[PDB]
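Here's the structure, in C-alpha cells; my notes come after.
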Amino acid sequence: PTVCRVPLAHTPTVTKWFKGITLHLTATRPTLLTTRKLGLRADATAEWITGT
Amino acid sequence: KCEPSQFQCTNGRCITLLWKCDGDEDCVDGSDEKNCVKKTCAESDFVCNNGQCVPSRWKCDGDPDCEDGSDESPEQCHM
Amino acid sequence: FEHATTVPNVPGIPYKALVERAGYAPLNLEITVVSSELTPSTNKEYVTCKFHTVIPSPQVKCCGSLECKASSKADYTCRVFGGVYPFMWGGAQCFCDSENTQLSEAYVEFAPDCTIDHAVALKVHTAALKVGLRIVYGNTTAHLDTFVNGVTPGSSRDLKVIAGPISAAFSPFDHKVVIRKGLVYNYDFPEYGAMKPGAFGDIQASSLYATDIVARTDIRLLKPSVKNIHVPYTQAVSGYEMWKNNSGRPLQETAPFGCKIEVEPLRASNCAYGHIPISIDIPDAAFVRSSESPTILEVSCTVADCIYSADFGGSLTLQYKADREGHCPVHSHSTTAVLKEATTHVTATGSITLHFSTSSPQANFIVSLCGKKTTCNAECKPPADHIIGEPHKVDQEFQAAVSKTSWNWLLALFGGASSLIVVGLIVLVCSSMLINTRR
Ligand SMILES: [Ca+2]
Ligand SMILES: [Ca+2]
C-alpha cells in the first residue's frame with residue numbers, strides 16, 4: 001500500500017431555483033458524479049460525464 | 001496524531017509519506033532524512049572516504065569539508 | 001433533578017430546553033448530537049478472491065495404467081487417457097506405441113496477490129446505536145458517550161444520562177454484506193459450502209492462510225491431441241472477476257438518511273433519523289437559589305423582521321428593567337422558534353438583541369427572560385435564497401405553518417357555512433311549532 005496522485009476536477013457552478021439545483025460541469029476526461037437524497041429513501045444516481 | 005499515510009516529524013507537523021527518505025529535508029529538525037537506509041550517490045556527488053555524500057566540486061578547494069578532511073588530502077588532488 | 005426531553009437525531013443542530021424548580025432560578029439546557037455510530041454485530045462467513053489454477057506436471061507410464069486418487073485440494077479433478085505417445089524436445093519419451101497412459105490433475109489456489117485484493121462475506125445482526133453528546137448546563141460544558149438502549153447510564157462524571165430507546169429501528173445493511181478494500185456492498189452471497197461456478201464465492205476459505213480451501217469452478221479436462229506433452233483444459237470465468245465487473249454501487253453512495261459508511265469495524269456514522277428520549281439528572285450544585293438571581297420587573301418584546309429560513313434568519317429585541325445585574329437565561333417556549341443565545345448579561349434598564357429561527361410564517365411565540373413570559377408577533381416573509389447549505393433547525397409544524405390571514409379566511413368561510421345552516425334550522429323549528437300551535 002502507498003499513495004498515488006489523482007486529478008481534481010473543475011469545480012462546478014451551481015444555479016439555484018425553487019426546490020432544485022442545476023450543475024454546470026466541465027470535464028475533458030470521463031468523471032464520476034453521484035447524488036443521493038438525505039431522506040428516508042435515497043434515489044442514488046451514477047453517471048460518467050464527459051464534455052460540457 | 002495523523003493518518004498513517006502521513007509521517008509525523010518530532011516537532012508537531014505531519015507531512016505526506018512521499019517526502020520521507022527522499023533526499024530533501026522537510027521537517028524543521030530533519031527527522032525525515034537521517035532515518036532510512038538509502039545510501040545512493042549521484043554521479044556529480046563524490047563519495048568521501050567516511051561514506052558521506054559530498055558534491056564533487058567540494059574536493060580540494062583549499063578548506064576541509066569532510067569529517068576526516070579527505071578532500072584536502074594531497075593524495076586525492078596533487079598540487 | 002430529573003428532566004425528560006426528546007431531542008431530534010440530527011448530528012450538529014443544538015437543542016434548547018429550560019428546566020426549573022420552585023425556589024430555584026431556571027437553568028438553560030443545551031443538548032447536541034456531536035457524532036453517532038451504528039455498529040452491528042457481524043460474523044465472518046468466508047474469504048474469497050480470484051483463484052489461480054495450478055496444473056501440476058503430468059505423470060505418464062510407458063506401458064501400464066494409472067488410477068485417479070482422491071485429494072483434499074480445492075476442486076481437484078483427475079483424468080486418465082489411454083493412448084498418448086508424448087513428445088518433448090528430444091523425441092518420443094516412451095516405447096509402447098499405444099499403451100501410453102497419461103494422468104492429468106488440476107486444482108485451484110489463492111492467487112499470490114490476493115492478500116490485498118480480496119473480499120469478505122459477513123452476516124450482520126441487529127444494529128446498536130451509540131452517540132456522543134455535548135450537554136451544556138449553567139456555565140459548564142460536558143462531553144460523554146452513551147448507548148441508546150434505555151438502560152445504560154452513560155455518564156461523564158455525574159451527569160447520569162439515560163438515553164431511551166430510539167423511536168424507529170433502522171439499519172442500512174441487509175442480512176448479508178460484502179466488504180472489499182473498504183467498500184461495503186449489500187450482496188446475497190452463497191452460503192458457505194455451496195459454491196456456484198461462475199459467480200461470487202466460487203472459491204472460499206475460513207481465512208486467506210487456511211489449508212482447507214474449497215471451491216467449485218467447473219474444471220474440465222480434455223483428451224490431448226498434439227504430439228508434444230500437454231494438459232488441455234477449460235474452466236469457467238472467475239466469479240470474483242465477474243462480481244467485480246458487475247459490482248453496482250457501494251453503500252457509501254446508496255445508503256439513505258445521509259449515513260456515512262465506514263469500516264474497521266463495519267459501522268454507519270452520523271445518520272439522521274428519529275428521536276431520542278433522553279433523561280438528565282442535573283446535580284444540585286449547578287442550580288442557584290432564586291433570591292440570588294436578578295429579577296425582571298417588566299419586559300416588552302419587539303421584532304424587527306423575520307424570514308422562515310433554515311439559518312438564523314430572524315431578529316428580535318426587548319426592553320427590560322431589573323433591580324440588579326447578572327446573567328439570565330432566555331428561552332423560546334415554542335416548538336417552531338429557537339433562540340441562538342442561551343444567556344445574556346442584564347444591567348437594570350436597557351435592550352438586548354437576540355437572533356432566532358423559525359419555520360412558520362408567524363413569530364407568534366413566547367419569550368421568557370429568567371421568567372416573565374412575553375408575547376411577540378411579527379410579519380414573517382418567505383426567504384429569497386432558494387438553496388442553503390445548512391440543515392433546517394426546526395421541524396416544520398402544521399398548525400403554525402399556516403399564515404394568520406389564511407387562517408382568518410378559512411375560519412370566516414367555515415363559520416358562515418356553519419351559521420347559515422343553523423339559522424335556517426332554528427327559523428324552521430320556530431315556524432314548525434307555530435304551525436303546530438295554529439290548530
Ligand atoms: Ca524529506
Ligand atoms: Ca576541497
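Every chain in the C-alpha cells takes a letter, A first, then B, and so on in the order presented; its residues are numbered from 1, and the ligands are numbered from 1 following the presented order.
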
| said: Neighbours of ligand 2 at 9 Å or closer, counting only C-alpha atoms and all ligand atoms: which residues, as a VMD selection string? | reply: chain B and resid 56 to 66 69 to 73

Selected residues written out, N, CA and C atoms, as a short mmCIF file (atom, residue, chain, number, x, y, z; two decimals), in the first residue's frame:
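Here's the written file out_16.cif:
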data_model
loop_
_atom_site.label_atom_id
_atom_site.label_comp_id
_atom_site.auth_asym_id
_atom_site.auth_seq_id
_atom_site.Cartn_x
_atom_site.Cartn_y
_atom_site.Cartn_z
N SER B 56 31.11 16.92 -5.86
CA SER B 56 32.46 16.69 -6.36
C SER B 56 33.28 17.97 -6.36
N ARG B 57 32.66 19.10 -6.71
CA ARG B 57 33.38 20.37 -6.76
C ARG B 57 33.93 20.78 -5.40
N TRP B 58 33.38 20.23 -4.32
CA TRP B 58 33.89 20.50 -2.98
C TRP B 58 35.33 20.02 -2.81
N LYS B 59 35.77 19.06 -3.62
CA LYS B 59 37.05 18.42 -3.41
C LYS B 59 38.21 19.39 -3.62
N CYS B 60 39.20 19.30 -2.73
CA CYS B 60 40.46 20.04 -2.80
C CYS B 60 40.26 21.49 -3.25
N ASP B 61 39.44 22.21 -2.49
CA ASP B 61 39.18 23.62 -2.73
C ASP B 61 39.97 24.52 -1.80
N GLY B 62 40.83 23.95 -0.95
CA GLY B 62 41.61 24.72 -0.01
C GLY B 62 41.11 24.68 1.42
N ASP B 63 39.90 24.18 1.66
CA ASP B 63 39.36 24.12 3.01
C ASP B 63 38.81 22.73 3.29
N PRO B 64 38.91 22.27 4.53
CA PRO B 64 38.40 20.93 4.86
C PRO B 64 36.88 20.90 4.84
N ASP B 65 36.34 19.84 4.24
CA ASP B 65 34.89 19.65 4.15
C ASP B 65 34.42 18.40 4.85
N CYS B 66 35.02 17.25 4.55
CA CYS B 66 34.63 16.01 5.20
C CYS B 66 35.08 16.00 6.66
N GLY B 69 38.50 15.17 6.50
CA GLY B 69 39.19 16.03 5.55
C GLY B 69 39.86 15.29 4.40
N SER B 70 39.18 14.31 3.81
CA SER B 70 39.72 13.63 2.64
C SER B 70 39.83 14.55 1.44
N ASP B 71 39.00 15.59 1.37
CA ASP B 71 39.01 16.49 0.22
C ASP B 71 40.34 17.24 0.10
N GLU B 72 40.90 17.65 1.23
CA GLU B 72 42.15 18.41 1.23
C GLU B 72 43.39 17.52 1.21
N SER B 73 43.22 16.20 1.21
CA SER B 73 44.36 15.30 1.20
C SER B 73 45.15 15.45 -0.10
#

| query | Could you list, as a VMD selection string, all the residues within 10 Å of ligand 1, counting only C-alpha atoms and all ligand atoms? | reply | chain B and resid 9 15 to 27 30 to 35

With the cut-off set at 10 Å and counting only C-alpha atoms, tabulate each residue of chain A with an atom at most that distance from an atom of chain B, showing the nearest atom pair and its distance in Å to one decimal, ordered by chain and increasing number, as CSV.
residue,atom,partner,partner_atom,distance
A:1,CA,B:5,CA,9.2
A:2,CA,B:5,CA,7.4
A:3,CA,B:5,CA,7.3
A:4,CA,B:18,CA,9.6

| query | Taking only C-alpha atoms into account, which residues of chain A are within 6 Å of chain C, as a PyMOL selection string? | reply | chain A and resi 17-18+38-42+44

| If you count only C-alpha atoms, which residues fall within 8 Å of stretch 37-42 of chain B, apart from same-chain ones fewer than 4 positions away, as an NGL selection string? | :B and (21 or 46-47 or 53)

| said: If DSSP is run on the backbone, what residues of stretch 5-52 of chain A are strand (DSSP E)? A reply as JSON, numbers by chain would be ideal. | reply: {"A": [13, 14, 15, 16, 17, 20, 21, 22, 23, 24, 31, 32, 33, 34, 35, 45, 46, 47, 48, 49]}

| What's the 9 Å shell around residue C:373, counting only C-alpha atoms, without same-chain residues fewer than 5 positions away, as an MDAnalysis selection string? | chainID C and resid 299 333 366:368

So which residues touch residue A:15 within 10 Å, counting only C-alpha atoms, skipping near sequence neighbours fewer than 3 positions away, as a PDB file with N, CA, C and O atoms, in the first residue's frame?
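Dumped to result-v2.pdb:
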ATOM      1  N   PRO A  12     -17.700  22.732 -10.151  1.00  0.00           N
ATOM      2  CA  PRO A  12     -18.889  23.121 -10.906  1.00  0.00           C
ATOM      3  C   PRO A  12     -19.469  24.427 -10.399  1.00  0.00           C
ATOM      4  O   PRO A  12     -19.132  24.914  -9.320  1.00  0.00           O
ATOM      5  N   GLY A  20     -34.760  22.881  -6.289  1.00  0.00           N
ATOM      6  CA  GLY A  20     -33.909  22.223  -7.259  1.00  0.00           C
ATOM      7  C   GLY A  20     -32.663  22.998  -7.628  1.00  0.00           C
ATOM      8  O   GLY A  20     -32.701  24.226  -7.735  1.00  0.00           O
ATOM      9  N   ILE A  21     -31.555  22.291  -7.834  1.00  0.00           N
ATOM     10  CA  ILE A  21     -30.302  22.908  -8.241  1.00  0.00           C
ATOM     11  C   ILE A  21     -29.914  22.368  -9.605  1.00  0.00           C
ATOM     12  O   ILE A  21     -30.370  21.310 -10.039  1.00  0.00           O
ATOM     13  N   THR A  22     -29.059  23.122 -10.286  1.00  0.00           N
ATOM     14  CA  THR A  22     -28.548  22.754 -11.595  1.00  0.00           C
ATOM     15  C   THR A  22     -27.036  22.869 -11.570  1.00  0.00           C
ATOM     16  O   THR A  22     -26.499  23.872 -11.092  1.00  0.00           O
ATOM     17  N   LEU A  23     -26.355  21.851 -12.078  1.00  0.00           N
ATOM     18  CA  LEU A  23     -24.903  21.802 -12.087  1.00  0.00           C
ATOM     19  C   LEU A  23     -24.392  22.091 -13.489  1.00  0.00           C
ATOM     20  O   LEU A  23     -24.916  21.548 -14.465  1.00  0.00           O
ATOM     21  N   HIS A  24     -23.385  22.949 -13.588  1.00  0.00           N
ATOM     22  CA  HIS A  24     -22.701  23.210 -14.847  1.00  0.00           C
ATOM     23  C   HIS A  24     -21.314  22.589 -14.771  1.00  0.00           C
ATOM     24  O   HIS A  24     -20.411  23.147 -14.143  1.00  0.00           O
TER      25      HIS A  24
ATOM     26  N   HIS C 386     -33.085  30.287  -2.611  1.00  0.00           N
ATOM     27  CA  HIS C 386     -33.771  29.025  -2.856  1.00  0.00           C
ATOM     28  C   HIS C 386     -33.064  27.865  -2.171  1.00  0.00           C
ATOM     29  O   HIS C 386     -33.715  26.931  -1.693  1.00  0.00           O
ATOM     30  N   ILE C 387     -31.738  27.902  -2.115  1.00  0.00           N
ATOM     31  CA  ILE C 387     -30.932  26.784  -1.641  1.00  0.00           C
ATOM     32  C   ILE C 387     -29.943  27.292  -0.606  1.00  0.00           C
ATOM     33  O   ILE C 387     -29.285  28.315  -0.822  1.00  0.00           O
TER      34      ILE C 387
END

Using only C-alpha atoms, determine which residues lie at most 12 Å from residue C:104, disregarding the query and same-chain residues fewer than 5 positions distant; provide the list as a compact mmCIF listing (two decimals) with N, CA and C atoms, in the first residue's frame.
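Produced file part-v9.txt, reproduced below:
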# COMPACT_ATOMS: atom_id res chain seq x y z
N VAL C 54 -3.81 -24.28 -10.81
CA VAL C 54 -2.50 -24.92 -10.75
C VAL C 54 -2.59 -26.23 -11.49
N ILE C 55 -1.72 -26.42 -12.47
CA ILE C 55 -1.69 -27.64 -13.27
C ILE C 55 -0.35 -28.32 -13.04
N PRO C 56 -0.31 -29.33 -12.18
CA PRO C 56 0.96 -30.00 -11.89
C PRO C 56 1.50 -30.71 -13.12
N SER C 57 2.77 -31.04 -13.05
CA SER C 57 3.42 -31.72 -14.16
C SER C 57 2.73 -33.06 -14.40
N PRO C 58 2.43 -33.42 -15.64
CA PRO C 58 1.73 -34.68 -15.90
C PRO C 58 2.59 -35.87 -15.52
N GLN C 59 1.92 -36.95 -15.15
CA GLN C 59 2.57 -38.22 -14.88
C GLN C 59 2.14 -39.22 -15.94
N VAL C 60 3.10 -39.84 -16.60
CA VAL C 60 2.81 -40.82 -17.63
C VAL C 60 3.57 -42.10 -17.32
N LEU C 66 -2.83 -46.04 -14.75
CA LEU C 66 -2.84 -45.27 -13.53
C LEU C 66 -4.28 -45.08 -13.05
N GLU C 67 -4.45 -45.06 -11.74
CA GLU C 67 -5.76 -44.87 -11.13
C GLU C 67 -5.81 -43.50 -10.48
N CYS C 68 -6.88 -42.76 -10.76
CA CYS C 68 -7.07 -41.46 -10.13
C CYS C 68 -7.21 -41.62 -8.62
N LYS C 69 -6.53 -40.76 -7.88
CA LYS C 69 -6.60 -40.75 -6.43
C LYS C 69 -7.46 -39.59 -5.96
N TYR C 76 -10.41 -30.44 -6.91
CA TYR C 76 -9.49 -31.40 -7.51
C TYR C 76 -10.18 -32.17 -8.62
N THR C 77 -9.47 -32.36 -9.73
CA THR C 77 -10.00 -33.10 -10.86
C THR C 77 -8.90 -33.97 -11.44
N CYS C 78 -9.22 -35.22 -11.72
CA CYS C 78 -8.25 -36.17 -12.25
C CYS C 78 -8.86 -36.91 -13.43
N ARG C 79 -8.02 -37.22 -14.41
CA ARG C 79 -8.45 -37.95 -15.59
C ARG C 79 -7.31 -38.83 -16.06
N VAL C 80 -7.66 -39.90 -16.76
CA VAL C 80 -6.69 -40.86 -17.27
C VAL C 80 -7.00 -41.10 -18.74
N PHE C 81 -5.97 -41.09 -19.58
CA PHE C 81 -6.13 -41.24 -21.01
C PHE C 81 -5.36 -42.45 -21.51
N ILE C 219 -13.97 -27.20 -13.52
CA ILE C 219 -12.80 -27.56 -14.31
C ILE C 219 -13.13 -28.75 -15.19
N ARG C 220 -12.76 -28.67 -16.46
CA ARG C 220 -12.92 -29.77 -17.40
C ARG C 220 -11.57 -30.09 -18.01
N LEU C 221 -11.23 -31.38 -18.03
CA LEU C 221 -10.00 -31.85 -18.65
C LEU C 221 -10.33 -32.49 -19.98
N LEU C 222 -9.48 -32.28 -20.97
CA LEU C 222 -9.74 -32.74 -22.32
C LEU C 222 -8.71 -33.77 -22.76
N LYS C 223 -9.06 -34.50 -23.81
CA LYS C 223 -8.16 -35.50 -24.35
C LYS C 223 -7.04 -34.82 -25.14
N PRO C 224 -5.78 -35.12 -24.85
CA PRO C 224 -4.69 -34.48 -25.59
C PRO C 224 -4.72 -34.88 -27.05
N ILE C 229 3.95 -33.04 -25.18
CA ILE C 229 3.22 -33.19 -23.93
C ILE C 229 2.38 -31.95 -23.66
N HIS C 230 1.16 -32.17 -23.18
CA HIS C 230 0.24 -31.07 -22.96
C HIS C 230 -0.86 -31.52 -22.00
N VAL C 231 -1.46 -30.55 -21.33
CA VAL C 231 -2.58 -30.81 -20.43
C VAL C 231 -3.72 -29.86 -20.79
N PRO C 232 -4.44 -30.10 -21.87
CA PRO C 232 -5.51 -29.17 -22.26
C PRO C 232 -6.61 -29.16 -21.21
N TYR C 233 -7.22 -28.00 -21.03
CA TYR C 233 -8.28 -27.86 -20.04
C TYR C 233 -9.07 -26.59 -20.34

Applying 6 Å and only C-alpha atoms, which residues near stretch 175-182 of chain C remain after dropping the ones on its own chain fewer than 2 positions away? List them as a PDB file with N, CA, C and O atoms, in the first residue's frame.
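And here's part_21.pdb as it stands now:
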ATOM      1  N   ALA C 119     -12.194 -10.155  -0.963  1.00  0.00           N
ATOM      2  CA  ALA C 119     -13.461  -9.754  -0.378  1.00  0.00           C
ATOM      3  C   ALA C 119     -13.808 -10.666   0.788  1.00  0.00           C
ATOM      4  O   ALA C 119     -13.377 -11.820   0.845  1.00  0.00           O
ATOM      5  N   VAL C 120     -14.593 -10.136   1.716  1.00  0.00           N
ATOM      6  CA  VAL C 120     -15.006 -10.852   2.914  1.00  0.00           C
ATOM      7  C   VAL C 120     -16.523 -10.861   2.957  1.00  0.00           C
ATOM      8  O   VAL C 120     -17.158  -9.822   2.754  1.00  0.00           O
ATOM      9  N   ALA C 121     -17.103 -12.026   3.213  1.00  0.00           N
ATOM     10  CA  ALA C 121     -18.545 -12.159   3.339  1.00  0.00           C
ATOM     11  C   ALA C 121     -18.919 -12.134   4.811  1.00  0.00           C
ATOM     12  O   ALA C 121     -18.287 -12.811   5.625  1.00  0.00           O
ATOM     13  N   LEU C 122     -19.940 -11.354   5.150  1.00  0.00           N
ATOM     14  CA  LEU C 122     -20.324 -11.146   6.535  1.00  0.00           C
ATOM     15  C   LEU C 122     -21.826 -11.306   6.699  1.00  0.00           C
ATOM     16  O   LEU C 122     -22.595 -11.115   5.756  1.00  0.00           O
ATOM     17  N   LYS C 123     -22.227 -11.665   7.912  1.00  0.00           N
ATOM     18  CA  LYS C 123     -23.624 -11.707   8.316  1.00  0.00           C
ATOM     19  C   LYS C 123     -23.798 -10.768   9.495  1.00  0.00           C
ATOM     20  O   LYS C 123     -23.030 -10.838  10.459  1.00  0.00           O
ATOM     21  N   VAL C 124     -24.796  -9.891   9.424  1.00  0.00           N
ATOM     22  CA  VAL C 124     -24.964  -8.820  10.399  1.00  0.00           C
ATOM     23  C   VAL C 124     -26.274  -9.019  11.152  1.00  0.00           C
ATOM     24  O   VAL C 124     -27.307  -9.350  10.557  1.00  0.00           O
ATOM     25  N   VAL C 184     -18.276  -1.238   1.040  1.00  0.00           N
ATOM     26  CA  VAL C 184     -19.275  -2.147   1.583  1.00  0.00           C
ATOM     27  C   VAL C 184     -20.407  -2.289   0.579  1.00  0.00           C
ATOM     28  O   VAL C 184     -20.999  -1.291   0.160  1.00  0.00           O
ATOM     29  N   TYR C 185     -20.714  -3.523   0.199  1.00  0.00           N
ATOM     30  CA  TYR C 185     -21.776  -3.809  -0.751  1.00  0.00           C
ATOM     31  C   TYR C 185     -22.837  -4.678  -0.094  1.00  0.00           C
ATOM     32  O   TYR C 185     -22.536  -5.549   0.723  1.00  0.00           O
ATOM     33  N   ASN C 186     -24.086  -4.446  -0.472  1.00  0.00           N
ATOM     34  CA  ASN C 186     -25.219  -5.234   0.003  1.00  0.00           C
ATOM     35  C   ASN C 186     -25.466  -6.329  -1.025  1.00  0.00           C
ATOM     36  O   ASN C 186     -26.108  -6.103  -2.049  1.00  0.00           O
ATOM     37  N   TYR C 187     -24.951  -7.521  -0.748  1.00  0.00           N
ATOM     38  CA  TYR C 187     -24.999  -8.625  -1.690  1.00  0.00           C
ATOM     39  C   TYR C 187     -25.521  -9.874  -1.001  1.00  0.00           C
ATOM     40  O   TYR C 187     -25.410 -10.023   0.217  1.00  0.00           O
ATOM     41  N   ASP C 188     -26.112 -10.765  -1.795  1.00  0.00           N
ATOM     42  CA  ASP C 188     -26.596 -12.055  -1.311  1.00  0.00           C
ATOM     43  C   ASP C 188     -25.620 -13.143  -1.746  1.00  0.00           C
ATOM     44  O   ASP C 188     -25.838 -13.861  -2.719  1.00  0.00           O
TER      45      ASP C 188
END

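Listed by chain and then by rising number, the residues of chain B that DSSP assigns to helix (DSSP H, G or I) from the backbone are residues 17, 18, 19, 56, 57 and 58 of chain B.
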
Could you turn the residues from that selection into a file that holds N, CA and C atoms, as a PDB file, in the first residue's frame?
ATOM      1  N   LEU B  17       3.857  10.939   3.027  1.00  0.00           N
ATOM      2  CA  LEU B  17       4.900   9.925   3.142  1.00  0.00           C
ATOM      3  C   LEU B  17       5.905   9.972   2.000  1.00  0.00           C
ATOM      4  N   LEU B  18       5.535  10.531   0.846  1.00  0.00           N
ATOM      5  CA  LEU B  18       6.486  10.614  -0.256  1.00  0.00           C
ATOM      6  C   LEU B  18       7.683  11.489   0.081  1.00  0.00           C
ATOM      7  N   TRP B  19       7.560  12.368   1.073  1.00  0.00           N
ATOM      8  CA  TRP B  19       8.669  13.219   1.474  1.00  0.00           C
ATOM      9  C   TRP B  19       9.655  12.512   2.393  1.00  0.00           C
ATOM     10  N   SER B  56      31.107  16.916  -5.862  1.00  0.00           N
ATOM     11  CA  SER B  56      32.460  16.690  -6.363  1.00  0.00           C
ATOM     12  C   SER B  56      33.282  17.973  -6.364  1.00  0.00           C
ATOM     13  N   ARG B  57      32.658  19.103  -6.709  1.00  0.00           N
ATOM     14  CA  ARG B  57      33.383  20.368  -6.764  1.00  0.00           C
ATOM     15  C   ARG B  57      33.933  20.778  -5.403  1.00  0.00           C
ATOM     16  N   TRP B  58      33.377  20.234  -4.318  1.00  0.00           N
ATOM     17  CA  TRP B  58      33.893  20.498  -2.980  1.00  0.00           C
ATOM     18  C   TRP B  58      35.329  20.021  -2.812  1.00  0.00           C
TER      19      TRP B  58
END

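Distances here use only C-alpha atoms; by that measure, the residue among C:314, C:14, C:64, C:132 closest to residue C:99 is C:64.
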